[PDB]
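Trainee: turn this into a structure:
(2 chains)
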Amino acid sequence: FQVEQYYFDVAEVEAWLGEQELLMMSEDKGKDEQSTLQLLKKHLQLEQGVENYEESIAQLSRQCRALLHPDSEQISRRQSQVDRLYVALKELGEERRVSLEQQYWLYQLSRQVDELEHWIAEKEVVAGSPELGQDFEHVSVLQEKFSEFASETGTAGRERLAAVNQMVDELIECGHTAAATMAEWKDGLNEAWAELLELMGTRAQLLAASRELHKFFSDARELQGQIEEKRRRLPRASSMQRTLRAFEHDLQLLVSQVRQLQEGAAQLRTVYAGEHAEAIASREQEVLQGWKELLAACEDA
Amino acid sequence: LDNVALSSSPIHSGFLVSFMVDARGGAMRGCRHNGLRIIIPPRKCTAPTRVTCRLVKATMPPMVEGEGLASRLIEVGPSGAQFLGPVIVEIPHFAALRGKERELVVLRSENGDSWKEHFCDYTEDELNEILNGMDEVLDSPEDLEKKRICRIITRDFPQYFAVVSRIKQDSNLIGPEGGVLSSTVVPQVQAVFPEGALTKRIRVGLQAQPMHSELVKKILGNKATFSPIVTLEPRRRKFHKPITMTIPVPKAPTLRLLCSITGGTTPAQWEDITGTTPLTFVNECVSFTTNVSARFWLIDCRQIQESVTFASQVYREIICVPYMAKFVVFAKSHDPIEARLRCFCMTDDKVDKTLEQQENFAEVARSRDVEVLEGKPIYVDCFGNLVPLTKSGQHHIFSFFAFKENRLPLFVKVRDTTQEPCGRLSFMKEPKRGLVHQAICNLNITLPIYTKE
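Mentor: Numbering: from 1, shown residues only, chains lettered A, B, ... in the order given. The structure is reproduced below:
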């Protein structure tokens, strides 16, 4: 009778609820990021469908209310069962929504960590380079260009690091199951980045130390060259007087250059030893010898 | 003194993994791990170079039974670095040296696949000279053994270093002529090499590991009494003549002899050779001869038939390498009645885990360094104003390995709300029912106040 038709409606609703449950319990989380995205969309549509079904369950509520009294002992229990069962399906919806989100985040966070790790690696290789220059001008170029790299990477990497660390801080705050692993992941990046910042410091230091040595091995070649100019004095009159005055002024110039070069050379002895020290006081001996002969000739004048 | 900074005087600084040095000389301590320090002297470096000294956390150095690393592998560079004078590298370690029972050895690998012992040839005068003009101070040997700091002196650099805990070994070259090789730890332990037992000259070594009655008596009681374990390091080698071993008897037929001829990393297997080999008792010691270099051991067990099993019961335990580690306990309160509790046993591990700080966990207890034994399990129980959930089921435990993580998750509920929520946490080697035997460490605690989130 009337109860039979009502049972039919409850049966249809119960079947729909089970059909949704069974589709929502599926264990497939995804492969690539898009697969888990598409599944999160799908399950969102299922959740919206479940919410939309509220009116359909409402129709049962009205029918049961207008039926409840031939035998309502079974009727009340059966409908109340639908009430709690539907509530349970909704909670399970929140569960599987959450686990699909957390799966997606594990997928993306892993992509970013691996990408940043490879990114530090690329920078690290360019920071731990051993090239130091064949000539002073070239080492100067590397020093300036690397300094630019130090600043650009120095600030560039910070944004990426802050993004990954915050992404971890959040996913740990959420309560992600893999949070323990994530913590080490962050510790791995934070130390590695710090080392790069330290490495680029040492490398920059190395370049500076190289520049001064090249500077000495610039002047040694350059100043000794001006020594040959002294030979001009041996062959060489108002015009001659003017040239001689200019020449004497040039000698005054020279004195400052040689004094600055010798003082510069002193630092290398402090910073170098053995073969290198010996080669420094070596070239610092050759130039000084030129100083002695040139000064003696000038004294003769 | 009020003297202008020279700017040509050693550099005092700290580093993470690498730093810059010049012939000026430098002292580079490390912030990450206390006691890690590099001391390059002045004028002992040819040119400005980037030095590296990072703990690798390559191929593991071969280790026989009874040996384990004292510290994580040390990586230093440049790999081919050469210095005019010796330089100092100091690494902290965790191996429990047990007085003079154990010692440390240093290994080095140039390429990372082959390891060789590291020995340095220098003058007694050089040791004072090594500091040169530096103002640094060097800790005395006892003050180094106390801080568990190992000091490697090296005149060149290799790709890797390793500090390895082992049983004290006495080594001395011996050739055809003959020789004697006695023990420092146990003077009565001794080995004699007759005239013509070896062809070439080899550096023979001898270990003696004495017994501790607490462990032996605990595992066997009065069932048997042992002597030290005497080991001849060039194992699996037949001698062209017979060696004469001397070993003091086990303090109490009734006396059996056990020997293990295994070599390399193979776990040892004990057999009894009392019948085959004659035993001579002089001055409370036993002297026998042997044509092979093996392990040896004496037993005064009443049950001769089971004697070998008794050795296996003891050996299995006492080979485990002893590490001095810290116990740290973290906790968060689920509510006032209950709480969550994470426990760790650490050596080189992070002083303060980031995860616990992020999850708002709190350090509630922290033991001084204590001897735990590598590879053996740990039992945890709480005995004070709170207790840990358990039932008619298996307990919870964690295993200690060195330089791995050692975590034990726990849940604890306050037993009674009458008094403050303080407790007692004990880590043991065996579950607590009889007389309780010394635990591994004891930490008291006090559950932190509930956080509302």
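
Trainee: which helix or which strand is home to the residue in the stretch 151-300 of chain B that chain A sits nearest to?
Mentor: Closest residue of the stretch 151-300 of chain B to chain A, C-beta to the nearest C-beta: residue B:155 (14.0 Å). Any C-beta I mention is one placed from the backbone N, CA and C, and that applies to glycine too. In this assignment (DSSP states H and E), residue B:155 forms part of strand B:149-156.

Trainee: in its sheet, what does the helix or strand just after that strand sit against?
Mentor: The first helix or strand that comes after strand B:149-156 along the chain, using DSSP H and E, is strand B:160-167. If you go by DSSP bridges, strand B:160-167 pairs up with strand B:68-69 (antiparallel), strand B:73-77 (antiparallel), strand B:102-109 (antiparallel).

Trainee: out of those, deepest packed?
Mentor: Ranked by mean neighbour count, the strands paired with strand B:160-167 are led by strand B:68-69 with a mean of 22 (mean count of other C-beta atoms under 10 Å in any protein chain shown).

Trainee: just give me the neighbour total for the closest residue to residue B:152 other than its chain neighbours.
Mentor: Closest residue in space to residue B:152, ignoring its immediate chain neighbours: residue B:89 at 4.5 Å, by C-beta to C-beta, 6 or more residues apart in numbering or on different chains. Counted with other C-beta atoms under 10 Å in any protein chain shown, the neighbours of residue B:89 add up to 21.

Trainee: quick check: beta-bridge partners of residue B:89?
Mentor: residue B:38, residue B:152.

Trainee: for the chain, what spans make up the helices?
Mentor: Since you didn't name a chain, this refers to chain A. For chain A, applying DSSP state H gives helices covering A:2-25, A:33-52, A:54-67, A:72-127, A:136-174, A:179-230, A:238-271, A:274-300.

Trainee: um, chain B though
Mentor: Secondary structure of chain B, counting by DSSP H: helices at B:124-131, B:141-147, B:213-220, B:307-318, B:354-358.

Trainee: may I see the ones you listed organised as TSV, with mean neighbour count added?
Mentor: Listed next are the helices of chain B as TSV, based on neighbours: other C-beta atoms under 10 Å in any protein chain shown:
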stretch	mean neighbour count
helix B:124-131	12
helix B:141-147	12
helix B:213-220	14
helix B:307-318	18
helix B:354-358	17
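
Trainee: could I get the ones you listed as CSV with distance to residue B:335?
Mentor: Shown next, in CSV, are the helices of chain B (distance: least, C-beta to C-beta, whole Å):
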stretch, distance to residue B:335
helix B:124-131, 60
helix B:141-147, 43
helix B:213-220, 41
helix B:307-318, 42
helix B:354-358, 19
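
Trainee: wait, which of the ones you listed is closest to residue A:17?
Mentor: Proximity to residue A:17 (C-beta to C-beta) singles out helix B:354-358 among the helices of chain B, at 39.7 Å.

Trainee: helices and strands around the closest one, which ones?
Mentor: Secondary-structure packing of helix B:354-358 (3 or more C-beta pairs under 8 Å, 6 or more residues apart in numbering or on different chains; DSSP states H and E): helix A:136-174, helix A:179-230.

Trainee: who touches it?
Mentor: A:169, A:172-173, A:179-180, A:183, A:186-187, B:330, B:342, B:361-363 (C-beta atoms under 8 Å, 6 or more residues apart in numbering or on different chains).

Trainee: separate out the buried members of these.
Mentor: By neighbour count, with 16 or more other C-beta atoms under 10 Å in any protein chain shown, the contacts of helix B:354-358 hold A:172, A:179, A:183, A:186, B:330, B:342, B:361 as buried.

Trainee: now the fourth one, nearest residue through space, not along the chain?
Mentor: The shortest distance from residue A:186 to any non-neighbouring residue, by C-beta to C-beta, 6+ apart, is to residue A:168 (4.6 Å).

Trainee: wait, isn't that neighbour in contact with residue A:185?
Mentor: Yes: shown here, residue A:168 and residue A:185 form a contact pair, counting by C-beta atoms under 8 Å, at 6.9 Å.

Trainee: which residues are in contact with each of the two?
Mentor: residue A:109.

Trainee: neighbour count winner among the two?
Mentor: Between residue A:168 and residue A:185, counted using other C-beta under 10 Å, residue A:168 has the larger neighbour count: 24 against 19.

Trainee: quick one: contacts for the more buried one?
Mentor: Contacts of residue A:168 (C-beta under 8 Å, 6+ apart): A:109, A:182, A:183, A:185, A:186.
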